[PDB]
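Have a look below at one chain only, the form deposited in one PDB entry, in C-alpha cells format.
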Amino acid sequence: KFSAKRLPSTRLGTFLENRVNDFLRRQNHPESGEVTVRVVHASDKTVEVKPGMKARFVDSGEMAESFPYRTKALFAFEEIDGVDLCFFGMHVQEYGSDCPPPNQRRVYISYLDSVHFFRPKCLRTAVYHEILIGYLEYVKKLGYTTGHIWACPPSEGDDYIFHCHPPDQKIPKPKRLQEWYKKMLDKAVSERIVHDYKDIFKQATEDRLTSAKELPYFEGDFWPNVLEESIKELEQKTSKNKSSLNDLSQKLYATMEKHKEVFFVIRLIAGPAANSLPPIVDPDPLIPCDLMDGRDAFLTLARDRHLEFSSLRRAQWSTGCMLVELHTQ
C-alpha cells in the first residue's frame, strides 16, 4: 500500500482536490470516495519556432526564436473500496509573464486522459468539470489571462496517457465533445471564473490579428503545423513577368474560419485588470520526474510491465504499480 495521498503536495494539487472533495461532500452520494490530486511532473521547456516561420519572422527580428513554458503533469485519484484508482490525467503548458508575446500569460492544455470508472458514474462528468474549472480558477489567480483548448477527440489507435483504455469507454464525436467543453465553460462563466470564451476565428478578428507572428504558438499544437504547411505552399508558387498595363494571413484566416468550433480561447481576466497585473509567481517547485515527462515514458513502462487501464481491477493494479514507481524513483 502506497496511497496517492503520500505523494508530495503542491498548492495546485491541494486547490484541485479541495474543490473536488468539497463538491462531492455537497452531493453526499454514498458511493463516492476521497479524491487525491497530485502534480507528478513540472519542468521548464521551450517551444521552437519551426523553419518556415523562423525564416519569415524570427530571422527578421519580428518574433522570438522560442517561447519558454512550464509543463505540468497531474493525476486525480479516487479511493474505491479502499483502493486508489487513477481516473484522470492532464498535461498543461504555462507561459508566464516573462514570456515574449504572443504567448504571454497563456495556458494551453496539451492532453486530457481518463479511465471511466469514477464512482459513482452519475457524478463522473461533474467531477471532470470541477477539475478543469478549478485549473482555470487557479491559474487566473496567479495572473494567467487566457486558456486554450484544442477540442478534438482521441483515437483508439493512439493512447494519450493511459495504456489500454476500456473497450467500452466511449469516444465522443466532434460536435458532442464541443458541447461538453461549452457546458464546462458555461459553468465557469456562471461562477465568475471565466469572463467569456470565443472560437479562434472570432478571437483573432476582435484582436485584429493581421500577421501570423501574432498567433499564440504552442508545443505540438495544430497552428504551428498549419503555418509550416501554408508557407511551403506559398513558396512553391512561381509566376511569369506581368504585362505593363498577407497571402499567409489570408490562408490563416481561411483555415481558422474552417475549423473554428474546434479551437477555444478562454478569457479569464478581461478589460483593464488584464493591463496592469503584477508578475506571475508560481509558488510550487519544479518536480523532475523522467517517468512522467512527456507521454512516451509512462506508456513504455505500462507496455513493458503489461499494465492496463482496461478494467477497474486492472486499472487499480496499474495505479498501485504506478504509485510504487513514483515513490521509489
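Residue numbers run from 1 along the displayed sequence.
This next part talks about the form solved in complex with a small molecule, which is not shown.
> Could you tell me which of 212-220, 188-196, 137-145, 78-86 sits within 4.5 Å of the small molecule in the deposited complex, going by non-hydrogen atoms?
In the other structure, the partner sits against 212-220.
> Considering non-hydrogen atoms and a 4.5 Å limit, does the small molecule approach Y108 in the deposited complex?
It does: once the small molecule is placed as it appears in the deposited complex, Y108 has a heavy atom within 4.5 Å of it.
> So, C152 and the small molecule: in the deposited complex, are they within 4.5 Å at any heavy atom pair?
Contact with the small molecule, yes.
> Although the partner isn't part of this model, could you tell me whether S230 comes within 4.5 Å of the small molecule in the deposited complex, counting any heavy atom of the residue?
Contact with the small molecule, no.
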